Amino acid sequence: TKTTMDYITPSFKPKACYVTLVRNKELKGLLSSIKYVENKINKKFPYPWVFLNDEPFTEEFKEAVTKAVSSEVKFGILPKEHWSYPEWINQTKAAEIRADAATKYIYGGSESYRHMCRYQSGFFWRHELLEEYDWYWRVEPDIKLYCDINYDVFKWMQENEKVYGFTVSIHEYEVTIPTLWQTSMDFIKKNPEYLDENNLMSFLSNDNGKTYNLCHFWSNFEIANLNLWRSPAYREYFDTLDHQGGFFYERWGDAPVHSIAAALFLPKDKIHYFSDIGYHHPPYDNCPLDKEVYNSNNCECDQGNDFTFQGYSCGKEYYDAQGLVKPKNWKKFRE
């Protein structure tokens, strides 16, 4: 029997790319993100940058982006089948759901946000432009890279045999994923072979699977191996969630979907937290706490606003599940 890791070890310069799903109307915020990535790592360790959109990019947009990125840029449009209601979804039901949740939770009434979530969950890793790569680094507009990155991150992932890399983790607003967990546990019950014997269940749960603690990796920042999403386990998992309906009948985000899959389908030493990469995605920061890393890489963030060990973050849950020794002053963040 070929296992999930059999689909990944083969890929252990790496074939990697930055990948960005973005709207034309977000040009100023994207250009900003690009300037950070350029200055902190891309001019030193260049990798192609793929930009995707559910609509065609404007010439003004492509012209601006092409000038701002020093490495090769690729622009692609999303196939409509990766951004439209599946045949089995009741659209009237979905519309009433959005109408009702319009003011209930962030993006509650948004139709586009849900297609985006489903896209990031099961289709961005199948886009034509990503076929040739084994790794991607997701980047969004209005992001900051607080520090210089003095090593090739993709190369590091390959050499160290890591599969999923992140910076921020946090507890999800449960009102958006009421049935996500139960749906995922039934999946594992019918497919025990996909549950890695040495997985990270402890990050996701405090009672060994009974319930979800809502913890997940913040997907706006990911540096991972595309073959995880391309494995049989993940494909079957996504298809199950896709038929259940939560992307549209609730508001399932790709972050909790990617995270449950990573934390359950892989040996836990395949997940890696980039404690050394300064990053901000509104409204949270990951600011290197190690003095030497912080100084050497000229980090521009306030260590005191590092979200990692704050109550609502899941940095504590992650360190404990991995067995990592938390930095000595972590408790100060819970004040």
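Start at 1 with the first residue shown and count on from there.
The stretch of deposited sequence separating residue 12 from residue 13 contains 4 to 9 residues lacking coordinates in this entry. For the pair 204-212 and 169-177, the mean Cα B-factor is higher in 204-212.
Looking at mean Cα B-factors across 249-257 and 80-88, the upper value is held by 80-88.
Of the residues listed, 26, 38, 59, 285, the entry assigns the biggest Cα temperature factor to 59. Within the listed group 75, 137, 107, 238, the record reports its top CA B-factor for 75. In this PDB entry, residue 298 carries a Cα temperature factor that places it within the middle third of its chain's modelled residues. In the PDB entry, a CA B factor belonging to the lowest third of its chain's modelled residues is recorded for residue 120. When all modelled residues of the chain are sorted by CA temperature factor, residue 221 is found within the middle third. In the deposited entry, the Cα temperature factor of residue 182 places it in the middle third of its chain's modelled residues. When all modelled residues of the chain are sorted by CA temperature factor, residue 98 is found within the highest third.
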